[PDB]
């Protein structure tokens, strides 16, 4: 229905900040709950944050709470993830995803569909 393009991210020393961006190419996702997942290799797919269709309600994983913020435009063309005070725990491939299903709480990764290849964010010891 849409393709999910991601920008931002790279290599950073601890305590720093990245700001990842995700865009709707070929369609919009205005009325869709959006989120961010992350996966480091070998490991499973973690929840990071999810954002209301209206942008007014936001949840965060217990590991990023207080450091990370999720936001979005109103056009349905952008969601953003801002990552502050980065820890090497935070090292992962990040995916913006659309909430396609509703089989669990908003926190349940299995309800979100990533599209593309991810965004690598490496945080240095």
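Positions refer to the first chain, counted from 1.
For residue 60, does the deposited CA B-factor place it in the lowest, middle or highest third of the chain? Tercile = lowest for this residue's CA B-factor.
Among modelled residues of the same chain, the CA temperature factor third for residue 17: Highest third of the chain for residue 17's C-alpha B-factor.
Ranking the modelled residues of this chain by C-alpha B-factor as given in the entry, is residue 25 in the lowest, middle or highest third? For residue 25, whose C-alpha B-factor we compare with every modelled residue in the chain, the answer is the highest third.
By the record's CA B-factor, is residue 33 among the lowest, middle or highest third of residues in the chain? Answer is middle: the recorded C-alpha B-factor places it there.
Residue 122 by Cα B-factor - lowest, middle or highest third of the modelled chain: According to the entry, residue 122 has a C-alpha B-factor in the chain's middle third.
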